[PDB]
Amino acid sequence: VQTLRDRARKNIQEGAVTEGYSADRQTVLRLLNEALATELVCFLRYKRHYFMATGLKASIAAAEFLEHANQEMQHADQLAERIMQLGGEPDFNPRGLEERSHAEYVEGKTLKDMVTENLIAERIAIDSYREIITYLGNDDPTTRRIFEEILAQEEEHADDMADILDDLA
Amino acid sequence: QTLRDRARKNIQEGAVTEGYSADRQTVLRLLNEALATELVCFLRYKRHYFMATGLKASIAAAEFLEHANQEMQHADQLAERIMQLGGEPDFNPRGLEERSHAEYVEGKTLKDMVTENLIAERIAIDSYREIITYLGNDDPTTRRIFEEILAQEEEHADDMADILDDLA
Amino acid sequence: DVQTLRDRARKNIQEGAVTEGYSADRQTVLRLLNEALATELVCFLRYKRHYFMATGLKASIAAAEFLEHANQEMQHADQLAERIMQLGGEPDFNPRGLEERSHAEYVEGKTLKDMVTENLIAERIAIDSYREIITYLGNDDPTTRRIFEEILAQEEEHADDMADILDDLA
Amino acid sequence: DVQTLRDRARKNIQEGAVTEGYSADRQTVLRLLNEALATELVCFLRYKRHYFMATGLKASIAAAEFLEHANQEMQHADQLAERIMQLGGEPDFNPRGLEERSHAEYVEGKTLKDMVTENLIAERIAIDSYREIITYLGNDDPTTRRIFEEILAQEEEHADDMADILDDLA
Amino acid sequence: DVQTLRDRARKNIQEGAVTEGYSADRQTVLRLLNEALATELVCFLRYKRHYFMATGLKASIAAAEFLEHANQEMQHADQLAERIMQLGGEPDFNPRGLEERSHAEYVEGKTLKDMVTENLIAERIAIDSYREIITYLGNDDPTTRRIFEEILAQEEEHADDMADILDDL
Amino acid sequence: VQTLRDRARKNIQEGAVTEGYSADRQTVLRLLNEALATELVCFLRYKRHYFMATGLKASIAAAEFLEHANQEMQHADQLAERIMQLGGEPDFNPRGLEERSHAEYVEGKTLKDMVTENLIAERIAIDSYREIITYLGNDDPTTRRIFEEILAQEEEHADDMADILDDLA
Amino acid sequence: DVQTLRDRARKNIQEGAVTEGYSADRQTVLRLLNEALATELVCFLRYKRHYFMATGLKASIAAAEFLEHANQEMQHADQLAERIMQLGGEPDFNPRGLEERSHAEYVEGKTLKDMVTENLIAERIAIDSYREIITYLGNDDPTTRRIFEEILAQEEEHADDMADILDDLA
Amino acid sequence: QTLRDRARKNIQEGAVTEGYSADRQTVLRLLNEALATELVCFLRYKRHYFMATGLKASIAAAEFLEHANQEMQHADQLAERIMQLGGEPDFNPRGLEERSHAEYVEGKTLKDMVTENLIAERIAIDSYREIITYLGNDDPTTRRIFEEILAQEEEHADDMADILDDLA
Amino acid sequence: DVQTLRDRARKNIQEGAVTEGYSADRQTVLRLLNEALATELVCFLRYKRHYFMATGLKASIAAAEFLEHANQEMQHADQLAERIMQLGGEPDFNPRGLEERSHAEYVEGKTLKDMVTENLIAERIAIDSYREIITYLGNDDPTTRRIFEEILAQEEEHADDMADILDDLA
Amino acid sequence: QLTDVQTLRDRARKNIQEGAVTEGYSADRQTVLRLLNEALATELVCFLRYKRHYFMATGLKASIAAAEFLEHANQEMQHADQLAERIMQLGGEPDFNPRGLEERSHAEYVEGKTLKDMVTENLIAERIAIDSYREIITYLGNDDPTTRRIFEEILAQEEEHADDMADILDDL
Amino acid sequence: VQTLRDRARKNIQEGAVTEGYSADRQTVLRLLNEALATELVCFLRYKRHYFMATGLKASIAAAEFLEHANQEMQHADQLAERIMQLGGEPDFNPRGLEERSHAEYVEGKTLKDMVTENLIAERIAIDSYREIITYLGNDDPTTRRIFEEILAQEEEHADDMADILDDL
Amino acid sequence: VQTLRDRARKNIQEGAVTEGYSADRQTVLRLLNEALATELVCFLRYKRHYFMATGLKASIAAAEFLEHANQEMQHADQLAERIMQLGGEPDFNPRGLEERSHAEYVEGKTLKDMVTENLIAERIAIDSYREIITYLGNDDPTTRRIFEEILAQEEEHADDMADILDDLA
Ligand SMILES: [Fe+2]
Ligand SMILES: [Fe+2]
Ligand SMILES: [Fe+2]
Ligand SMILES: [Fe+2]
Ligand SMILES: [Fe+2]
Ligand SMILES: [Fe+2]
Ligand SMILES: [Fe+2]
Ligand SMILES: [Fe+2]
Ligand SMILES: [Fe+2]
Ligand SMILES: [Fe+2]
Ligand SMILES: [Fe+2]
Ligand SMILES: [Fe+2]
Ligand SMILES: [Fe+2]
Ligand SMILES: [Fe+2]
Ligand SMILES: [Fe+2]
Ligand SMILES: [Fe+2]
């Protein structure tokens with residue numbers, strides 16, 4: 001009765017983080033920020049390919065590139081919001097961004113170059129977030145669900161890029 | 001540089017990465033069986049929607065149509081995943097019922113119609129529960145598709161049972 | 001009195017939309033409506049199959065048309081079933097024997113040219129079938145005639161849309 | 001062949017939509033449009049009466065249909081009045097003698113079966129009435145024919161909807 | 001009996017909407033579609049001119065009708081060009097000789113009554129032209145017939161709207 | 001306690017009509033149906049005028065006529081709904097409709113005729129509904145508010161028609 | 001002459017909407033608003049319960065009305081709480097003693113006829129309560145009177161809607 | 001035919017019928033004084049809206065703008081009625097403040113701005129309460145306008161007082 | 001093999017969404033669903049009280065969060081009640097004993113800091129309460145688990161939003 | 001370091017509270033503010049005049065003018081808002097005081113008796129604003145693009161209002 | 001000061017054209033009508049290309065053709081509106097339309113033909129409108145802004161067509 | 001005549017850039033890319049401040065921080081679109097982003113810190129883009145108008161940030 005309340009009153013400023021939070025909060029925060037860097041890098045890369053993919057066939061890829069780009073930023077916003085709830089700071093610094101990220105920014109010369117670099121990044125993110133989802137287990141459903149939702153989106157991005165690549169050269 | 005090499009190996013496989021620990025072949029078979037089930041349930045509900053005329057029946061007819069269209073959304077969801085996992089979705093009407101866990105049943109009465117839909121929903125619920133168990137933690141993206149469909153079928157079952165209890 | 005218009009309407013009142021003035025062969029029009037319904041359901045399934053399988057840069061353009069066509073087909077299916085019910089029939093959504101009732105076929109195709117060609121064939125079959133139905137109806141059933149005349153126009157668009165693609169292929 | 005198309009159009013220019021090529025009997029087409037208009041106004045009033053009076057769980061389903069029908073009837077009224085004006089007539093909205101001009105009646109009914117049955121009778125009267133008008137017009141006035149053909153298709157739907165209800169009652 | 005339906009469809013398959021059953025004179029139907037297209041383009045330009053020139057209190061009322069008509073005329077143009085393409089023709093948007101191909105003329109007018117009358121004349125020319133076309137088509141080409149029936153009905157509205165204004169002048 | 005509920009269960013099928021309803025229900029119902037007849041008549045008269053008022057200036061009146069007609073029907077619906085709540089039957093019968101109504105259906109020959117006839121009807125309704133509002137007093141707020149809302153609308157309809165009539169012949 | 005209108009406005013300025021001219025008994029009006037607020041909150045909970053429990057074909061129609069009423073009750077609750085704040089009070093949303101404060105009861109009902117009857121009883125209690133409040137206010141507080149007059153008209157509708165259902169039942 | 005004769009006499013008076021029992025001339029005077037008040041209050045609120053910058057103040061600034069546009073809606077309501085009753089609405093900025101029950105006051109601080117708006121609302125509340133009493137049952141349509149405006153001013157007064165209590 | 005899947009579904013058919021394969025303790029899941037329902041109804045009432053009472057410049061920002069939270073609480077209430085029905089229970093909206101059933105309390109608060117603190121305490125009680133329920137369900141009831149996982153995530157947001165405010169206060 | 005780019009930033013830190021007004025602002029801030037406020041007064045007067053004409057223009061033909069009057073009135077207020085917004089960005093105070101509003105405004109409030117009066121009075125005001133704002137645009141030159149663009153956008157609207165009113169007046 | 005108004009009263013019927021209008025109005029009107037013809041011609045050419053560009057790749061260009069066509073008409077409307085404000089008459093006559101225009105109507109046979117002809121026309125318009133913008137200088141801000149808004153639109157159209165042509 | 005067409009055909013692949021383009025294309029591209037980097041940096045800084053500014057008062061600034069962030073990205077898109085039209089490549093590389101930009105990414109500790117850094121950045125951009133507008137003169141209206149439109153937005157951002165700082169400093 002009053003013990004339910006006393007548990008909640010202890011360390012109240014910790015907010016979303018309760019007596020029941022069983023995950024390794026600092027390590028989760030580290031992973032959230034690595035993912036955030038990946039999303040920002042993927043956002044900048046896709047935006048680049050979008051502007052550069054001109055032409056008839058390429059304009060189709062350009063549309064997918066832009067759609068992907070803005071989804072990446074949605075993933076970034078989702079992750080930063082969680083970083084804040086779990087007592088961290090989201091790192092939007094462009095300095096060293098690529099070093100924190102699992103993906104690279106690669107301009108590419110051809111369209112096949114562009115698509116391949118995006119496909120490579122998605123497959124890196126897929127396996128990375130699969131590992132994080134496994135690592136979280138049942139200790140942090142709310143964070144686990146963020147990565148599960150991002151994962152499902154990345155799997156779509158991978159298929160969308162691979163579908164294009166098969167038609168190229 | 002090995003993360004990049006892991007990703008470059010079998011790049012044409014797309015969403016299916018080295019870390020995909022499920023039996024891709026078996027998941028594809030289950031996805032197509034679900035797809036057939038959803039198309040069959042769509043056709044049955046669409047039949048019942050048109051045939052359920054009257055004062056009281058027209059209320060059931062509305063639910064029939066809502067379910068039919070939800071079934072088609074499930075079909076699209078499953079087919080999309082079949083493609084991401086490197087399969088082919090089988091929309092062939094020939095042998096459609098043999099592939100499906102459900103049946104197409106016209107019914108003579110409205111109680112017939114509701115009962116046949118209720119039976120189909122309960123077949124799907126237990127079938128998809130088993131698939132979700134089979135997937136476990138190997139394919140979250142597919143597991144989440146079936147979990148979302150499952151929740152809908154549970155709604156469809158309650159809606160049909162709620163009606164059936166009021167009938168003759 | 002003018003009580004004769006009312007007496008006409010009261011006779012066989014449960015027949016609903018079908019009045020004394022309905023001059024068509026109701027049983028046959030219902031047969032044609034159900035054959036048309038089967039054709040649309042098949043065409044819907046074929047187009048959806050092609051939509052999911054047509055991946056790539058060029059093909060994704062075709063896939064969009066395939067999906068647009070698919071849903072137009074189901075709209076036709078709904079129009080026809082609605083009319084079947086108004087004329088006192090039962091619409092047959094049974095997938096068993098669906099192809100046997102249909103003027104069209106379900107064909108997966110291997111290439112994109114295969115998919116486009118098969119859809120073009122189905123449309124040209126439907127166009128000529130529905131022209132024949134429209135003629136059979138004559139002035140006996142304006143409401144049913146108008147459904148097929150409207151579907152016909154959609155099919156001519158689908159045929160032109162698929163042919164326009166096929167000319168650019170291989 | 002240019003100045004003769006123009007001279008054709010300049011003659012009786014005040015006739016508006018009604019050109020030399022208008023092969024129908026304008027005076028009679030106007031009579032039929034105004035009878036149709038009275039029928040639609042009457043059917044609107046009857047349905048509105050039934051809408052307000054049909055209370056209860058089961059009745060409210062019919063009442064919803066009564067209202068949809070009522071408002072479709074007024075749409076038909078506007079469509080017909082609009083055409084009357086294009087053909088140089090005057091639409092008669094006068095409530096005095098409205099029923100005598102109409103093919104339908106205003107009938108309150110006591111029961112829901114009464115109300116549904118009376119609406120079903122009126123829809124079936126309109127169907128055959130408008131079928132005859134469509135035949136009378138033939139190819140002489142496509143624009144007026146298409147109005148009646150569009151109204152007819154709606155009346156057939158209204159008849160089916162009322163009959164579908166009556167089967168659950170009688 | 002199913003392979004012969006398929007054989008009919010394969011013969012001349014590139015002709016698209018035009019099937020073995022198409023019983024109209026395709027070449028002549030196309031000529032009529034192109035004459036109608038010119039009529040609509042001419043009527044569009046004339047109405048647009050009258051719209052801009054019809055200033056004042058009362059005239060602004062006619063000007064609104066002029067603009068609504070102009071844009072309906074272009075919709076008619078679009079319908080006809082779409083049909084020209086389905087039947088294997090070419091829609092002629094060439095401004096050179098546009099008036100010669102058209103049943104109508106471009107006429108500036110000095111007064112508002114000038115403008116309204118010229119528009120009324122054009123609508124009455126189109127009405128009788130399209131009635132003749134609809135008759136020529138008969139039951140041979142429902143899809144084209146329905147286009148002209150739909151355009152005709154709009155032209156009758158335009159004719160009545162212009163005549164209703166002219167009666168006040 | 002048990003009397004608040006006992007007052008409400010007694011005569012429960014009388015619905016909105018409670019023990020506290022202090023108005024002369026039968027008379028309120030009579031007035032509601034007379035008002036309903038008036039609105040139906042005014043609806044038909046305005047619709048007649050709307051279709052017949054063609055021309056440059058007349059089309060401006062035609063638009064006001066249509067707005068008025070459709071407001072009249074809203075009033076008809078408002079009143080019929082209230083008749084049902086108070087235990088009556090709304091009379092939509094076209095036979096003898098004018099005999100029940102305070103206003104008349106008048107085709108009019110000229111536009112000034114049409115405007116004048118509408119203005120006369122609005123001023124009849126205004127004075128009728130003011131008397132009903134006074135008659136109701138505080139005995140039936142819900143019904144009173146219906147008439148106060150209709151009255152305000154009729155005052156607008158009257159001002160709109162008089163504004164037109166001042167500019168005429 | 002402008003300095004006295006301003007001086008009246010400066011006297012007790014923090015009282016806000018409540019001016020020197022407010023002629024009602026602020027304390028008592030606040031009591032009635034809070035009693036009404038409890039009534040609406042209880043009615044919201046009752047209707048919500050009935051909405052979820054009324055399953056079946058015919059019953060689902062009542063469930064739709066139950067939900068609509070439920071949410072209209074909460075709009076009334078908000079309207080009343082908004083006014084309580086303007087008159088310098090505190091709106092009591094405490095679930096403890098909510099029924100003791102409310103003019104209506106929460107009653108689960110066993111049957112649909114039960115549910116409808118209990119809702120119908122509550123509406124008729126509210127009607128007579130709010131009519132009495134409207135009389136008590138007189139011309140002293142138009143802004144509050146208008147809240148109750150608007151709620152009253154809504155309750156008369158809810159009462160009629162429930163009674164219309166009850167007549168068709170058992 | 002007597003109802004018709006009543007309506008035909010003085011037909012150009014429009015909404016004002018034989019049964020209009022209010023003092024039309026005096027009602028027009030009050031509508032125009034109220035109109036002036038609303039225009040003045042609109043300008044003052046707009047002034048405060050632009051001048052209330054900062055973290056806290058921007059919250060008040062949003063309220064200032066909302067109030068401002070509501071004031072103009074009232075001006076529109078009042079002018080519409082002035083026309084229906086056969087008058088002329090006075091939008092002249094010369095002497096606008098003399099006709100208005102409220103003042104235009106710039107204020108130096110935010111507390112100044114809030115206090116001045118609160119003073120104006122309480123002036124209008126009591127002014128319109130008096131007008132509603134004067135009308136009684138003689139002019140329902142006009143009475144309802146003032147009753148609707150009055151309720152809005154009470155909200156504005158409560159909203160401003162709610163801000164003032166938190167300030168200084 | 002088709003008649004055995006079908007026989008499974010006919011056994012206990014009236015149970016609806018609850019199939020032979022449902023491996024949870026339906027009785028207990030329903031108990032927890034109803035305790036959650038009470039918690040959300042109480043949290044809704046508390047937040048609504050705070051919304052209306054939190055006046056002022058800074059406080060109005062909190063008031064907005066209070067209202068957004070309140071309506072999210074009611075959405076949770078509806079989700080939970082819907083599930084109670086599917087599992088064959090009855091959702092308890094009775095205000096009598098509502099607080100005894102709820103894991104949270106209704107607390108008026110005197111200051112804004114009071115209000116924020118009480119809301120924050122409530123969210124943290126809910127967070128840990130629903131985490132325990134998610135554990136209890138395991139893999140036995142995905143559909144119910146997902147409801148709680150979705151609610152949990154919202155409560156974590158509500159906790160962060162209230163704590164973010166409290167850090168700036170007094 | 002190497003006070004390079006560090007110079008762009010040191011320019012920005014100086015007088016930071018001056019906000020939009022930077023070291024690069026080459027216009028006479030004091031004078032631009034006077035002009036913005038005169039324009040603001042002009043628009044408020046034009047709004048009140050047009051609103052007056054809207055309510056008084058009853059009749060068949062007049063109601064068409066009444067519609068134009070109302071569209072114009074609300075555009076005038078949009079202009080007033082645009083100008084007041086700029087006054088704040090440049091560190092001024094926008095004067096909404098109705099006392100002396102006309103003395104500050106380039107236009108007049110004129111009731112007019114007839115519709116022809118109303119149309120003419122609005123037409124005169126537009127032509128005053130057109131030439132006033134042309135002069136202001138010229139005075140600004142290239143010193144304040146953001147303020148110039150406000151006046152250029154208002155100017156184009158006033159030219160439309162002028163043409164709209166003249167088109168009506170020709171028929172009277 | 002009473003002179004501000006007398007300036008505005010002189011030649012009042014000229015409307016937007018005031019004493020301060022320093023441009024050569026007759027010449028501005030000539031340029032506006034030449035631009036109008038250019039837009040009308042470009043509109044017809046684009047529509048022709050839209051209907052004729054069938055196929056997979058071509059349908060992409062066809063969509064751009066239609067967007068451009070309708071933008072061309074928006075420009076035509078902008079220019080005609082300005083002709084009226086400045087006291088001219090807009091010439092929509094199809095006879096001699098091409099002679100008045102800086103562009104041509106060219107059907108083209110291939111898609112490369114169509115795209116090239118559009119690109120050529122856009123570059124003609126760009127340099128024409130740059131010259132007009134220069135001729136206007138500061139004498140007519142309102143007309144100058146119309147051409148600058150169109151110019152930027154034409155630069156987009158040129159880039160869009162060149163982007164397509166590079167792939168052929 | 002035939003020379004307008006020949007002028008347009010020369011260097012046709014240059015697209016928007018015609019013979020009449022009198023600006024230094026190479027330099028305009030350099031300036032556009034410096035602005036592009038500035039906007040990307042300002043976007044990241046504002047997003048960081050948005051997530052970190054929690055509390056009652058701080059949430060007001062956070063809302064503005066977010067509105068600014070998204071306006072900055074709109075500016076980035078405008079600038080990149082023009083870079084492509086003038087035949088350049090837009091540089092979205094996070095590597096060296098700050099070195100190319102007139103602005104910096106600065107986390108700040110306090111809200112006063114965040115607001116001040118945003119205010120400084122806007123004032124740098126304001127004066128930088130004013131200079132670019134002068135450099136363009138009348139040689140490139142389309143680009144000048146882009147910067148003139150961005151400038152007006154930056155002036156708003158500066159006023160909005162300064163309005164906040166006055167309440168803090
Ligand atoms: Fe991705
Ligand atoms: Fe289902
Ligand atoms: Fe098709
Ligand atoms: Fe009808
Ligand atoms: Fe009907
Ligand atoms: Fe046409
Ligand atoms: Fe036309
Ligand atoms: Fe009226
Ligand atoms: Fe209620
Ligand atoms: Fe106020
Ligand atoms: Fe909750
Ligand atoms: Fe919560
Ligand atoms: Fe203006
Ligand atoms: Fe162009
Ligand atoms: Fe920027
Ligand atoms: Fe900025």
# chains A, B, ... in the order shown; residues from 1 in each chain; ligands from 1
call {"tool": "residues_near_ligand", "arguments": {"ligand": "ligand 1", "cutoff": "8 Å", "atoms": "only C-alpha atoms and all ligand atoms", "output": "PyMOL selection string"}}
result
chain A and resi 39+42+68-69+71-72+118+121-122+125+153-158
call {"tool": "interface_residues", "arguments": {"of": "chain K", "to": "chain C", "cutoff": "10 Å", "atoms": "only C-alpha atoms", "output": "list in words"}}
result
residues 53, 54, 55, 56, 57, 58, 59 and 60 of chain K
call {"tool": "interface_residues", "arguments": {"of": "chain J", "to": "chain H", "cutoff": "9 Å", "atoms": "only C-alpha atoms", "output": "list in words"}}
result
residues 45, 48, 49, 51, 52, 55, 56, 84, 85, 88, 93, 94, 95, 96, 97, 98, 99, 100, 101, 102, 109, 110 and 111 of chain J
call {"tool": "write_last_selection", "arguments": {"atoms": "N, CA and C atoms", "output": "compact mmCIF listing (two decimals), in the first residue's frame"}}
result
# COMPACT_ATOMS: atom_id res chain seq x y z
N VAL J 45 -6.01 52.44 -40.43
CA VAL J 45 -7.07 53.32 -40.92
C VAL J 45 -7.77 52.67 -42.11
N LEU J 48 -10.12 49.99 -40.97
CA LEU J 48 -11.36 50.50 -40.40
C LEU J 48 -12.27 51.06 -41.49
N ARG J 49 -11.71 51.78 -42.47
CA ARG J 49 -12.54 52.33 -43.53
C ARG J 49 -13.21 51.20 -44.32
N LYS J 51 -13.79 48.11 -43.48
CA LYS J 51 -14.77 47.41 -42.67
C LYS J 51 -16.07 48.20 -42.61
N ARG J 52 -15.97 49.52 -42.43
CA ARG J 52 -17.15 50.38 -42.46
C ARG J 52 -17.90 50.23 -43.78
N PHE J 55 -19.89 46.83 -44.18
CA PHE J 55 -21.18 46.70 -43.52
C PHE J 55 -22.26 47.56 -44.17
N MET J 56 -21.88 48.71 -44.72
CA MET J 56 -22.85 49.64 -45.28
C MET J 56 -23.20 49.34 -46.73
N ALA J 84 4.16 45.59 -37.98
CA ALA J 84 4.39 45.58 -36.54
C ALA J 84 5.43 44.53 -36.18
N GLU J 85 5.37 43.35 -36.81
CA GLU J 85 6.39 42.34 -36.59
C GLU J 85 7.78 42.89 -36.88
N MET J 88 9.17 45.33 -34.23
CA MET J 88 9.74 44.67 -33.07
C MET J 88 11.14 44.13 -33.36
N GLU J 93 8.73 50.09 -31.11
CA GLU J 93 7.44 49.83 -30.49
C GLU J 93 6.37 50.16 -31.52
N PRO J 94 5.45 49.25 -31.82
CA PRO J 94 4.38 49.56 -32.78
C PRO J 94 3.25 50.32 -32.11
N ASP J 95 2.83 51.42 -32.73
CA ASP J 95 1.83 52.32 -32.14
C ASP J 95 0.44 52.00 -32.68
N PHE J 96 -0.33 51.25 -31.90
CA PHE J 96 -1.72 50.94 -32.19
C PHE J 96 -2.70 51.91 -31.55
N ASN J 97 -2.22 53.02 -31.00
CA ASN J 97 -3.09 53.93 -30.27
C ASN J 97 -4.11 54.56 -31.21
N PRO J 98 -5.41 54.43 -30.95
CA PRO J 98 -6.39 55.05 -31.86
C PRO J 98 -6.38 56.55 -31.77
N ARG J 99 -5.88 57.09 -30.66
CA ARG J 99 -5.77 58.53 -30.48
C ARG J 99 -4.70 59.03 -31.46
N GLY J 100 -5.08 59.93 -32.36
CA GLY J 100 -4.12 60.41 -33.34
C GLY J 100 -3.76 59.43 -34.43
N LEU J 101 -4.48 58.32 -34.54
CA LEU J 101 -4.18 57.36 -35.59
C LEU J 101 -4.20 58.01 -36.96
N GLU J 102 -5.21 58.85 -37.24
CA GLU J 102 -5.31 59.46 -38.56
C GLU J 102 -4.17 60.44 -38.82
N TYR J 109 -9.96 58.10 -42.97
CA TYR J 109 -11.19 57.36 -42.77
C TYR J 109 -12.32 58.25 -43.29
N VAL J 110 -13.07 57.74 -44.27
CA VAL J 110 -14.15 58.49 -44.90
C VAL J 110 -15.34 57.55 -45.06
N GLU J 111 -16.47 57.91 -44.43
CA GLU J 111 -17.64 57.04 -44.47
C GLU J 111 -18.18 56.94 -45.89
call {"tool": "residues_near_ligand", "arguments": {"ligand": "ligand 5", "cutoff": "12 Å", "atoms": "only C-alpha atoms and all ligand atoms", "output": "ChimeraX atom specification"}}
result
/C:16-17 /D:36,39-47,65-77,104,118-127,130,150-162
call {"tool": "select_by_dssp", "arguments": {"residues": "chain F", "states": "helix (DSSP H, G or I)", "output": "JSON, numbers by chain"}}
result
{"F": [2, 3, 4, 5, 6, 7, 8, 9, 12, 13, 14, 25, 26, 27, 28, 29, 30, 31, 32, 33, 34, 35, 36, 37, 38, 39, 40, 41, 42, 43, 44, 45, 46, 47, 48, 49, 50, 51, 52, 56, 57, 58, 59, 60, 61, 62, 63, 64, 65, 66, 67, 68, 69, 70, 71, 72, 73, 74, 75, 76, 77, 78, 79, 80, 81, 82, 83, 84, 85, 97, 98, 99, 100, 111, 112, 113, 114, 115, 116, 117, 118, 119, 120, 121, 122, 123, 124, 125, 126, 127, 128, 129, 130, 131, 132, 133, 134, 135, 136, 141, 142, 143, 144, 145, 146, 147, 148, 149, 150, 151, 152, 153, 154, 155, 156, 157, 158, 159, 160, 161, 162, 163, 164, 165, 166]}
call {"tool": "interface_residues", "arguments": {"of": "chain C", "to": "chain B", "cutoff": "8 Å", "atoms": "only C-alpha atoms", "output": "list in words"}}
result
residues 42, 45, 46, 48, 49, 52, 53, 81, 82, 85, 90, 91, 92, 93, 94, 95, 96, 97, 98, 99 and 106 of chain C
call {"tool": "residues_near_ligand", "arguments": {"ligand": "ligand 14", "cutoff": "10 Å", "atoms": "only C-alpha atoms and all ligand atoms", "output": "PyMOL selection string"}}
result
chain K and resi 38-39+42-43+46+65+67-73+75+118-119+121-126+150-158+160-161
call {"tool": "write_last_selection", "arguments": {"atoms": "C-alpha atoms", "output": "short mmCIF file (atom, residue, chain, number, x, y, z; two decimals), in the first residue's frame"}}
result
data_model
loop_
_atom_site.label_atom_id
_atom_site.label_comp_id
_atom_site.auth_asym_id
_atom_site.auth_seq_id
_atom_site.Cartn_x
_atom_site.Cartn_y
_atom_site.Cartn_z
CA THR K 38 5.60 32.46 -74.75
CA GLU K 39 3.85 30.79 -71.82
CA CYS K 42 5.15 26.40 -73.94
CA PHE K 43 1.92 25.15 -72.31
CA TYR K 46 4.31 20.46 -72.90
CA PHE K 65 5.89 17.61 -68.68
CA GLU K 67 3.76 19.81 -63.99
CA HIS K 68 5.67 22.21 -66.23
CA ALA K 69 2.67 22.73 -68.52
CA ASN K 70 0.44 23.80 -65.65
CA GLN K 71 3.17 26.01 -64.19
CA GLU K 72 3.39 27.67 -67.61
CA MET K 73 -0.31 28.46 -67.40
CA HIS K 75 2.68 32.25 -65.41
CA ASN K 118 11.62 21.96 -73.91
CA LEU K 119 15.15 22.60 -72.66
CA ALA K 121 12.61 26.84 -74.86
CA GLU K 122 13.42 27.23 -71.16
CA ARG K 123 16.85 28.65 -71.91
CA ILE K 124 15.30 31.10 -74.36
CA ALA K 125 12.84 32.24 -71.71
CA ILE K 126 15.50 32.53 -69.01
CA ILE K 150 8.87 33.18 -63.30
CA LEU K 151 12.60 33.29 -64.06
CA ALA K 152 13.36 31.13 -61.05
CA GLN K 153 10.63 28.73 -62.16
CA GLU K 154 12.13 28.51 -65.65
CA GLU K 155 15.59 27.85 -64.22
CA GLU K 156 14.05 24.90 -62.37
CA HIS K 157 12.37 23.69 -65.56
CA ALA K 158 15.68 23.93 -67.46
CA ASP K 160 14.71 19.37 -64.72
CA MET K 161 14.88 18.89 -68.50
#
call {"tool": "residues_near_ligand", "arguments": {"ligand": "ligand 10", "cutoff": "6 Å", "atoms": "only C-alpha atoms and all ligand atoms", "output": "PyMOL selection string"}}
result
chain H and resi 67+71+121+153+156
call {"tool": "interface_residues", "arguments": {"of": "chain A", "to": "chain C", "cutoff": "12 Å", "atoms": "only C-alpha atoms", "output": "ChimeraX atom specification"}}
result
/A:55-64,111-112,115,159-169
call {"tool": "residues_around", "arguments": {"residues": "residue L:13", "least_positions_apart": "2", "cutoff": "7 Å", "atoms": "only C-alpha atoms", "output": "list in words"}}
result
residues 162 of chain K; 11 and 15 of chain L
